[PDB]
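The chain below stands alone, shown as structure tokens; this is the form deposited in one PDB entry.
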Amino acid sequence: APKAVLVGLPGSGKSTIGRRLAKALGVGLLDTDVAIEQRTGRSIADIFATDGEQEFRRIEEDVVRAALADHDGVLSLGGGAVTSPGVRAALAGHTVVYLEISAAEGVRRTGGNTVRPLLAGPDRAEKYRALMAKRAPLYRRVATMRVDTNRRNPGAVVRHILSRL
């Protein structure tokens, strides 16, 4: 079973905080978005364009159930994984950390285009605020620890978590 599992919106810090926490405990990192590209032929934007979001979600669920059984290090999840009811039932019993961020700082952190099919195009600030309103009740229901990332630098986030494990 993992030592910790990380969830939240794009730009909260899931990949950055996960690398740094794994180095301090002595263990490996597994990132489910990276695992998906390795197993199929292609990119995340390629699968969304040829096949659709509902077929992305079925591949993501099967990857997640297997990681929770076989991996003893730190695990980082994709941003919309909590919208599947089969993902929420596999998480019950596990150690789960929710990273919180405001809408104005969150949109400024995503600013140098990694891509992101669901944030693409004009009116970026309007689309980010609509994603927050519908997911926030879902992050609160799955969590066992909540941490505020608004005025904490990344080394100080790591130390707050380490003392509560």
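Note that the rigid core is defined as the largest set of C-alphas that superpose within 1.5 Å between two forms. One rule holds for the numbers: they count along the sequence shown, beginning at 1.
S.K.: Does the comparison with other entries of this protein show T114 left unmodelled in at least a third of them?
M.R.: Comparison shows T114 dropped in at least a third of the other entries.
S.K.: Tell me which stretch, 114-122 or 61-69, has the higher mean Cα B-factor listed in the entry.
M.R.: Mean B over CA atoms: larger for 114-122.
S.K.: For the C-alpha atoms alone, is the average B factor greater in 97-105 or in 125-133, going by the entry?
M.R.: Higher mean C-alpha B-factor in the PDB entry: 125-133.
S.K.: Among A1, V158, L6, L165, where is the Cα B factor highest in this entry?
M.R.: Highest C-alpha B-factor among the listed residues goes to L165.
S.K.: Report the third (lowest, middle or highest) to which the CA temperature factor of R151 belongs, ranking only the modelled residues of the same chain.
M.R.: For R151, whose C-alpha B-factor we compare with every modelled residue in the chain, the answer is the highest third.
We do not show the form deposited in another entry, though everything after this point is about it.
S.K.: Which listed residue (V96, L131, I47, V64) has a Cα shift of at least 2 Å between this form and the one not shown, rigid core superposed?
M.R.: With the rigid core fitted, the residue that moves is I47.
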